[PDB]
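Written below as structure tokens is the structure these notes are about.
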Amino acid sequence: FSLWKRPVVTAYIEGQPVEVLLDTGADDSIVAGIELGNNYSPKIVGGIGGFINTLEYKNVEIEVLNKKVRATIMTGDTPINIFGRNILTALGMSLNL
Amino acid sequence: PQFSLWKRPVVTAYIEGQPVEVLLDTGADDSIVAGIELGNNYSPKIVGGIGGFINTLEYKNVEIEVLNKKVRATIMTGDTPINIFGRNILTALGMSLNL
Ligand SMILES: CC[C@@H](c1ccccc1)c1c(O)c2ccc(OC)cc2oc1=O
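As you go down the protein sequences, you meet chains A and H in turn.
Residues 41 to 137, numbered by the working numbering, are exactly what the first sequence covers, in order.
Residues 72 to 170, numbered by the working numbering, are exactly what the second sequence covers, in order.
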């Protein structure tokens with residue numbers, strides 16, 4: 041992945057298809073649209089411009105970049121889908137000069 | 072060098088001489104830093120982050136030293152809760168996501 045184009049890929053969370061962004065400066069992962077169930081615990085996340093209320097789920101099956109992992113995911117009203125350092129490390133990715 | 076991502080990819084750079092701590096961000100298009108004054112030509116901008124919009128000022132042709140390399144790039148400055156170097160600077164450095 042060169043950085044001349046946005047690092048956007050397609051991921052399958054519990055079977056649902058979504059286009060996420062590979063974000064190295066995000067500690068967690070927020071996506072919108074997905075319906076994951078009734079086992080969540082509320083969170084408050086904050087970035088540039090303010091805060092966003094999210095619902096947190098643990099151990100969610102994710103298939104992306106030809107790999108299948110289990111990670112924590114947050115659903116909320118975010119203006120852009122993000123896969124942060126938590127999924128990225130679990131997937132084995134690196135940032136190199 | 073290589074950055075595992077178990078910890079935030081944070082580094083020191085110099086915006087026209089002044090040292091600041093920034094985060095390497097692959098999901099952002101532009102770059103924005105707080106607390107610096109420059110003399111380059113500027114124009115006011117409004118960026119929208121993950122939480123809402125923020126008022127800023129954009130400078131063109133600024134000289135930056137990061138990782139022992141020098142580049143002339145575009146950067147924004149305002150009251151941001153975290154300083155970041157977006158993809159406009161990373162590409163000019165030659166960084167890449169590996170797997
Ligand atoms: C400060 C780091 C950050 C963040 C992401 C998720 C949760 C908390 C913070 C952040 C981006 O990485 C970003 C990326 C792309 C973008 O597009 C406009 C906007 C962006 O706003 C941001 O606050």
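Every residue, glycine too, gets a C-beta built ideally from N, C-alpha and C.
- Taking 7 Å as the cut-off, the C-beta of residue 63 of chain A counts as close to a heavy atom of ligand 1.
- Assignment of residue 154 of chain H by DSSP, reduced to helix, strand and coil, places it in the coil class.
- Under the DSSP assignment, residue 64 of chain A falls outside any beta strand (DSSP E); it carries neither an H nor an E label.
- Between ligand 1 and the CB of residue 102 of chain A, the shortest heavy atom gap is not smaller than 7 Å.
- Straight across, the Cα-Cα distance linking residue 164 of chain H with residue 142 of chain H is about 8 Å.
- By the 16-neighbour rule on beta-carbons within 10 angstroms, residue 52 of chain A is exposed.
- Residue 87 of chain A has its CB nearer than 7 Å to a heavy atom of ligand 1.
- The closest CA to that of residue 133 of chain A, considering only H:82, H:97, H:81 and H:154, is found on H:97.
- Residues of the segment 58-90 of chain A that bring their beta carbon within less than 9 Å of a beta carbon in chain H comprise 61, 62, 63, 64, 65, 66, 67, 70, 85, 86, 87, 88, 89 and 90, in sequence order.
- The beta carbon of residue 120 of chain A sits closer than 7 Å to at least one heavy atom of ligand 1.
- Straight-line spacing of the CA atoms in residue 84 of chain A and residue 70 of chain A works out to 11 Å.
- Distance between residue 95 of chain A and residue 115 of chain A, taken at the CA atoms: about 6 Å.
- From the listed residues A:60, A:58 and A:120, the smallest Cα separation to residue 123 of chain H is found for A:120.
- DSSP, read as helix, strand or coil, puts residue 135 of chain A in strand.
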